[PDB]
Amino acid sequence: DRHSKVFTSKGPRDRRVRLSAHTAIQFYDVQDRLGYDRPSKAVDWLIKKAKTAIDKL
Amino acid sequence: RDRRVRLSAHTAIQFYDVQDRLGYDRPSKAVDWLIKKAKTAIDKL
DNA sequence: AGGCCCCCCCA
DNA sequence: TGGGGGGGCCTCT
């Protein structure tokens, strides 16, 4: 009934990711500063901010 | 206790790619990586 | 890690 | 109505 997976280069993967307790603290801190309703918008932002780090592989 | 984030299909795909390109086992460690590599932008918010 | 169920809110 | 989010819990590898 609910879209729960996504197909990736290394198989099926879930759209609901678990976070370590420490990492949740940091990420939720980021979501608070960005003010985004839904978390995906925060993750998008991080990815865009880390563009050059990602681009250097 | 079991903290999780629900991603959109579009965002999941972009994120898992970053995780694969980083070669990390756990997604949580990829989220640590993005946060550290964006502190300068985060701190400026 | 995947899966289920629930409940709340929005569109 | 449909679809989103998180909490809470279970069961497997």
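In the block above lies the structure referred to throughout.
Residues numbered from 1 in each chain as written, not as in the entry; some residues may be left out. Chains lettered and ligands numbered in written order. Heavy atoms only, no water. Residues with missing side-chain atoms left out of burial classes, pairs and counts.

Student: Hey, could you go over the environment of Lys48 of chain A for me, with residue numbers and the actual values?
Tutor: Residues and elements named next belong to chain A. Looking at the element boundaries, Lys48 is found in helix α2 (residues 39-49). According to the relative accessible area criterion, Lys48 is exposed, its value standing at 58%. On a C-alpha basis, the gap between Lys48 and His22 in space is 22 Å, while along the polypeptide they are 26 residues apart. (Helix = DSSP H or I, 4+ residues; strand = E, 2+ residues; numbered from the N terminus. Buried < 20%, exposed > 50% of the residue type's maximum accessible area, 1.4 Å probe, protein only.)

Student: Could you give an account of the interface of chain A and chain B, naming the residues involved and the relevant values?
Tutor: The interface is formed by 37 residues belonging to chain A together with 33 residues belonging to chain B. Listing elements by their share of the side of chain A that touches chain B, those giving two or more residues are β1 (5-8), β2 (11-14), β3 (16-18), α1 (21-34), α2 and α3 (51-55) of chain A. No other element matches the nine residues that α1 of chain A contributes to the side of chain A that touches chain B. Classifying every residue of the side of chain A that touches chain B gives 18 nonpolar, seven polar and twelve charged. (Contact = heavy atoms within 4.5 Å. Nonpolar A, V, L, I, M, F, W, Y, C, P; charged D, E, K, R; others polar.)

Student: Please give an account of the protein's contact with DNA strand D that cites residues and values.
Tutor: In the region of DNA strand D, the neighbouring residues are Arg2, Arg15, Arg16, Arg18, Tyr28, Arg38, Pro39 and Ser40 of chain A together with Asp2, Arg4, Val5 and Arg6 of chain B. Backbone atoms, meaning sugar and phosphate, form 37% of the atoms of DNA strand D found within 4 Å of the protein. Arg6 of chain B places a side-chain nitrogen or oxygen 2.8 Å from a base nitrogen of DNA strand D. Broken down by element, the residue count for the surface near DNA strand D peaks at three residues, all from strand β1 (residues 4-6) of chain B. A breakdown of the residues in the surface near DNA strand D according to their chemical character gives three nonpolar, one polar and eight charged. (Near = heavy atom within 4 Å. Polar contact = N/O pair within 3.5 Å; in protein donor to acceptor, adjacent residues only side chain to side chain.)

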